[PDB]
Structures are given as structure tokens and as C-alpha cells.
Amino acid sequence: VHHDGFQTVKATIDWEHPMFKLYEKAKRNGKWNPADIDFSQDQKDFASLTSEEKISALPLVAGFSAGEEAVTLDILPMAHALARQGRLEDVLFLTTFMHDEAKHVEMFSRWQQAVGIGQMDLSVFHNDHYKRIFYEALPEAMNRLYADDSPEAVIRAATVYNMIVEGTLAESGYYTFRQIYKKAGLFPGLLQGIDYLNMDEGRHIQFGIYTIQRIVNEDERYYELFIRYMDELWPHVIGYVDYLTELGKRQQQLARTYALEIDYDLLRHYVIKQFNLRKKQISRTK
């Protein structure tokens, strides 16, 4: 359908819009390029691991590559919905969001190639709960926006994408990886990538908070919706966590070799903390 007119012809960008400001910060702080990361030491590290230590790392990496690829593809309907509502500043920022995700996908894929597992099919580490979230719920919620951009639909999309996938699962995956491998002294290129990634993701979650809050500000009923959509996904969030946790207990060789007490009962609780923390960033009234 036709453009009615154009905001930067009738007027200008809203320079004070929070999403314009977030866009400006993204440009400033979004310069990293995964093509510059030196993965040579990661190649050596991975090779020096035993076969059993080798796999220990793979489930988490499987979750991340899939996850970044899904969020790269699945933001597109949000950008469309907000474009069609005339939210130009949101769209500008979302170009940075989408390009960040592209770099995230690229980074993990480069790591896989470099350490020599690119030819391996890591889908084997996606259990039913992981699939429910990333192969199904996430694309369903986002694609819905093409035909239904109601407040309810937009809140649900931001909840699944920004608050659960990014704000709970991803945030926890950064923590877990850092905790295990930073302590080991392993995979410096990957950790550098994860650090840059974590910085970008700070902006993404702010967009999700802005989007959910601005809808909740129209009508408190929508607060209940937000809490409910969070709770509906929890079982799959924890059901994936348990499955990982449990894999990692069956191959604790990397833990004993590099002698780090991997407290799964501490990661499990970080995931719980993340989830509750995301709830608190939305208020019934603000």
C-alpha cells in the first residue's frame, strides 16, 4: 500500500525520540567486525581438547548459532509492523538491531569454521523445548505481525523475542560461557566475540523494554498479558536449561581437566534471576 507522505519531507526525524537516541548510540558503539577476530588460538585450544572435552562445548554453541540465525530472520516482521505504523525512529534503530544480529550469526559461524566443526551438524543438541522456542514460538509470534499488529500481538512478539530469547536465554548463555571458558583460559577469540555481542544486546533489550512499556502505558490490562506470556514460555526455558545442565553433567571431563567447579545450580539460578529481572523492567504504570 501507498505512502501517504514522508516524515522527512513534511518535517524532520524526531531527534529527541528515545529510539533515535538508541540508534545514535548503536552507530557509535556498533563498529566491531567479526572478520577481524583472531581465532587461531581457538583452533589450537579446540584441537588440544580430548574428544570428550570437545563435545562439552558444542551444545551451547549449537544453541547460539541457531539462536542468532533465528533472531536475524525473525526481527523482519517487527520492523515491518512498526514501519507501517509510521514509527520511523524505531525503524532506523531496527536497521542497527538487524545488522548486529547478522554479525552475531557470522561470528559463531566463523568460530565453527575455524576450530574445524563447520561440517558437523549441531542440530543434535536442540531438544524439544529448544525447538518449541526457536523453531516454533519465536517465528509464530513475529510472523503474526504481518496480519495483526494489535497491542497484544506487539507485546507478545517483544516478550518472546526481546525478553525471553534475548533477555533471559541469551543473557544467561553469555554468562555461562564466560564463566566456564574465561576461567579455563580457553577460546579467547570466541570470548572477545561474546563480549562485543553482549554490548550490542544491551541495546536490543532496551528496545524491547521501550516497546512493551509504551503499550502497557496505554492500558494496564496489558501488564497482565506481558506477565502471562513470560510465564507461558518458562517451562520451555527451564526445560532447555535442564537438558543442557544434564548433558554437561554426563560429560564433566572438561570441568575436571581445567579444574573449574561448574556450578550448574548457579547457572540455573542465573537463568531464574534473569527472567525475574526482565519482569521487573516493565511496570504496570510508567
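Numbers for residues come from their place in the sequence shown, where the first is 1.
**Student:** Between 252 to 260 and 235 to 243, point out the one with the higher average CA B-factor as the PDB entry records it.
**Tutor:** Mean B over CA atoms: larger for 252 to 260.
**Student:** Going by the average Cα B-factor in the PDB entry, point out whether 31 to 39 or 216 to 224 comes out higher.
**Tutor:** If you average the C-alpha B-factors of 31 to 39 and of 216 to 224, the larger mean comes out for 216 to 224.
**Student:** Could you check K182, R84, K103, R110 and tell me which one carries the biggest Cα B-factor in the deposited entry?
**Tutor:** The C-alpha B-factor peaks, among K182, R84, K103, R110, at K182.
**Student:** Looking at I55, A62, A70, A26, which one carries the largest C-alpha B-factor according to the PDB entry?
**Tutor:** Out of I55, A62, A70, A26, the record gives the largest C-alpha B-factor to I55.
**Student:** Ranking every modelled residue in this chain by its Cα temperature factor as given in the entry, which third contains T211?
**Tutor:** Lowest third.
**Student:** Sort the modelled residues of this chain by their C-alpha B factor and say whether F93 lands in the lowest, middle or highest third.
**Tutor:** Ranked within chain, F93 CA B lands in the lowest tercile.
**Student:** Relative to the other modelled residues of the same chain, rank the CA B-factor of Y161 and answer lowest, middle or highest third.
**Tutor:** Its C-alpha B-factor belongs to the lowest third of this chain's values.
**Student:** Split into thirds by Cα B-factor across the chain's modelled residues, where does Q7 land: lowest, middle or highest?
**Tutor:** For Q7, whose C-alpha B-factor we compare with every modelled residue in the chain, the answer is the middle third.
**Student:** Comparing against every modelled residue in the chain, figure out the third that the C-alpha B-factor of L266 lands in (lowest, middle or highest).
**Tutor:** For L266, whose C-alpha B-factor we compare with every modelled residue in the chain, the answer is the highest third.
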